[PDB]
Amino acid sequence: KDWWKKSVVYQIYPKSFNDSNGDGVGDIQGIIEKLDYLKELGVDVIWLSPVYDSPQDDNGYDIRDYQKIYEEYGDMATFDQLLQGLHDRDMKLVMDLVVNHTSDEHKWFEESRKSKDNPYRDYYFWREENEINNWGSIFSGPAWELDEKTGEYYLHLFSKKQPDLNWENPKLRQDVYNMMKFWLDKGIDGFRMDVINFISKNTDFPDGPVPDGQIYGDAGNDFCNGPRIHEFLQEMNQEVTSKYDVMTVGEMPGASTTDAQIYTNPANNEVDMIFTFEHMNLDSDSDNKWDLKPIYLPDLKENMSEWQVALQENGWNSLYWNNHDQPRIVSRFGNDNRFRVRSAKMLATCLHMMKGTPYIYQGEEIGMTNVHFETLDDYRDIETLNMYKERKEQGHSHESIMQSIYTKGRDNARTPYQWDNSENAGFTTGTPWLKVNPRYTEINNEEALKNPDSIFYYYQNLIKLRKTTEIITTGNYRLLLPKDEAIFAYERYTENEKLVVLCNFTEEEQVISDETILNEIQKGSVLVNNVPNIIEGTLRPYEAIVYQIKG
């Protein structure tokens, strides 16, 4: 019952995990060969990013056939061996459910676009010129694309090759549910529902207000947090997910804590846990992630704490620092040179001692870092490449745009996993689809396993603690020292037990003077810590300590 509450999730980005056949792209057989490694790490759920047939405009999040394995990754037989190899090790597989949009090469759209009278016409959003609006695509340019075959425009929130599905159409909804049953019948263990709060559109498509110094209109709630999301999730649960023993994660940019309480209340049978972005958008000037601003620690703490408090009673949180859409955490919030190992362990402690299901992104467990290519042409992500063109046309300097890519680009997360110190870090024997970070000579899985002080062993130990330390699951959460600009301190608590978690987010020594904390830690024992020979009441540079107090 609710096995997913104590799970630790490891996210694999299959294009970049392990190439087993030398073509430069990771494949499913490459994953199968590392199952004993993941078992040794101690994770029990694998979230596999899309391996479905796709022309790869958005690296698999543009699906051309939901029930086919993309040929570069392998075949269905290889997928089945992966699923079986996981189950053989009492591990589980979660896949992405990508149903806000399809590839424009999906047969539904190939048909839809042919004629106003095609029976798939209303699977997508088609409008005449005078009925489009001023929305922009999340990947730059307008959100409406003209199709000369019918003279009408289709909606795409993401790329031109990712036309949005029309969830107002009940035949589309049932087709999606039948597709889900195909995978669930195979025995997969859950879905992450991608941008699932984007599926309820305002079909009037009104113009948005254009903010000062912008081109496109702010959609408000006209696609995000629309009125029918709960209805659709309930319908999906009744028709599909209620019939299987699976976990569901709702990826919902812009969903409030109030909304998330509804989504994750078990009595509503919508989703099991929420996946939010509020902690991923604080190091920006405005809503545009490319407009950089340094993180202010109290903002981070307040935001993460709000989510803890809002869902602790009967909701559930996904806990994560990074994934295939975010810069690598040790570079983003840690120090990625002199204190790379230490600050990576600090960040891991801070997240894993919260209430929720932790997500480890591939390579986080070995402290992989952001990448800094000198030129745009080593980058690959459509988002980055489109942003470059647009921000350049708006007058941002090359230097400025490259800085934004360095700090926020998704390719930071996608450079191939660094296995060893051989050519291309042992990821491939060919030429990788995206260059390996040259720091693989320092930062690699082989070196991490050889070094007992490595980030790997620390992650292995944190995962173990989640199995043996009940309060990590059962405790409520409370933020301490809310305004401190250097220390992230909080407690986990039940009636007769406490954890006090103390994390230095800076390279400067911090002396705790708060007398309540100093008296608590005197009666506690150290559960885990990242720097030996603790000076009680002090946090050395990037130090993390967790005290356990019983009573």
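Counting begins at 1, following the sequence as shown.
- Taking the PDB entry as given, 462 to 470 carries the higher mean Cα B factor of the two stretches 321 to 329 and 462 to 470.
- Taking the mean C-alpha B-factor of each stretch as recorded, 59 to 67 and 504 to 512 are not equal, and the higher mean is that of 504 to 512.
- You'll see in the entry that, of 161, 186, 230, 149, the Cα B factor peaks at 149.
- The entry lists C-alpha B-factors for 178, 369, 400, 441, and the highest of these is at 400.
- The entry lists a Cα temperature factor for residue 417 that places it in the lowest third of the chain's modelled residues.
- Among the modelled residues of its chain, residue 315 has a C-alpha B-factor that falls in the highest third according to the deposited record.
- Sort the chain's modelled residues by C-alpha temperature factor and residue 214 lands in the highest third, per the entry.
- Among all modelled residues in this chain, the alpha-carbon of residue 285 has a temperature factor (C-alpha) in the highest third.
- Sort the chain's modelled residues by C-alpha temperature factor and residue 24 lands in the middle third, per the entry.
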